[PDB]
Amino acid sequence: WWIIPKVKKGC
Amino acid sequence: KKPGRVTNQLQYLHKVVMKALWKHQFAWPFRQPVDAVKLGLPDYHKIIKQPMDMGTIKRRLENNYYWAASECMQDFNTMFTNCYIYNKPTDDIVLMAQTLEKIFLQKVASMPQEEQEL
Ligand SMILES: [Zn+2]
Ligand SMILES: [Zn+2]
């Protein structure tokens, strides 16, 4: 999943 | 519709290449078309005129949409290239795309070089 879309994922 | 057929290279891209990438850990952002509205991606579809994803490639392989393996190869390279064009080089999505393309090239390197219709 995305913390910040495309920039930083969570998983 | 458009002419479609089954070839040894298309079967390889399906049963070997697509199989390796569809289950990959970095595959989840690529299994469906990019939803730039839901993700809040400005100017995505103004910049990306030919969106492509593994989900579309998978359905095309499973429905004999392609005439030759080079058409499927173009779709894979469109998907990767679109990611590198829109996103910044150090974004997480680009690193995931580069990892998937690494496995892509490794499996495609072993593809039968002569394409024959089956
Ligand atoms: Zn859009
Ligand atoms: Zn399949």
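Residues numbered from 1 in each chain as written, not as in the entry; some residues may be left out. Chains lettered and ligands numbered in written order. Heavy atoms only, no water.

S.K.: Quick question: what am I supposed to make of the overall build of chain B here?
M.R.: A count of helices and strands for chain B gives six helices and zero strands. Order of helices (α) and strands (β) in chain B, N terminus to C terminus: α-α-α-α-α-α. Its C-alpha atoms give chain B principal-axis dimensions of roughly 45 × 30 × 20 Å. Out of the 118 residues belonging to chain B, those deemed buried represent 42%. Expressed as a percentage of contacts within chain B between residues at least 6 apart in sequence, the contacts between residues at least 24 apart total 76%. As presented, chain B carries roughly 6,900 Å² of accessible surface, and 52% of it is formed by carbon and sulfur atoms. Computed over 16 positive and 12 negative side-chain charges, the inter-centroid distance for chain B is 5 Å. (Helix = DSSP H or I, 4+ residues; strand = E, 2+ residues; numbered from the N terminus. Buried < 20%, exposed > 50% of the residue type's maximum accessible area, 1.4 Å probe, protein only. Contact = heavy atoms within 4.5 Å. Areas by Shrake-Rupley, 256 points an atom, 1.4 Å probe, with all protein chains shown as cover. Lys, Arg positive; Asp, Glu negative; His and termini not counted. Charge placed at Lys NZ, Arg CZ, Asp CG, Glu CD.)

S.K.: Honestly, the side chain of B:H24 in this entry has me stumped. Any pointers?
M.R.: All names here are of chain B. Within the secondary structure, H24 is located in the loop between α1 (8-22) and α2 (36-39). Only 3.0 Å separates the side chain of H24 from the backbone nitrogen of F26, close enough to count as a polar contact. Ignoring sequence-local partners within four residues, the contact set of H24 consists of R31, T99, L100 and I103. (Polar contact = N/O pair within 3.5 Å; in protein donor to acceptor, adjacent residues only side chain to side chain.)

S.K.: I'm lost on the layout of surface pockets in this one. Help?
M.R.: Unoccupied space between atoms shows up once a probe the size of one water molecule is rolled over them. Roughly 160 Å³ of internal volume is contained in the largest pocket. Together, A:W2, A:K6, B:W28, B:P29, B:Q32, B:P33, B:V34, B:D35, B:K38 and B:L39 line the largest pocket. Among the residues making up the lining of the largest pocket, the classes are represented as six nonpolar, one polar and three charged. (1 Å grid on protein atoms, 1.4 Å probe; cavity = no way out; pocket = protein on both sides within 12 Å on 5 of 7 lines; lining within 4 Å. Points joined across faces, edges and corners; volume = space filled by probe spheres on them. Nonpolar A, V, L, I, M, F, W, Y, C, P; charged D, E, K, R; others polar.)

S.K.: So what exactly am I meant to see when it comes to the coordination of the zinc ion (ligand 2) here?
M.R.: A four-donor tetrahedral metal ideally has 109.5 degree angles, and a six-donor octahedral metal ideally has angles of 90 or 180 degrees. All names here are of chain B. At this site the zinc ion (ligand 2) is bound by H14 (NE2) and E62 (OE), with donor distances of 2.1 Å. Of this pair, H14 sits in helix α1 while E62 is found in helix α4 (residues 54-62), placing the two residues 48 residues apart along the sequence. Here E62 falls in the partly exposed class, since its relative accessible area comes to 39%. (Donors = N, O, S within 2.8 Å, 3.2 Å for Na, K, Ca; no water.)

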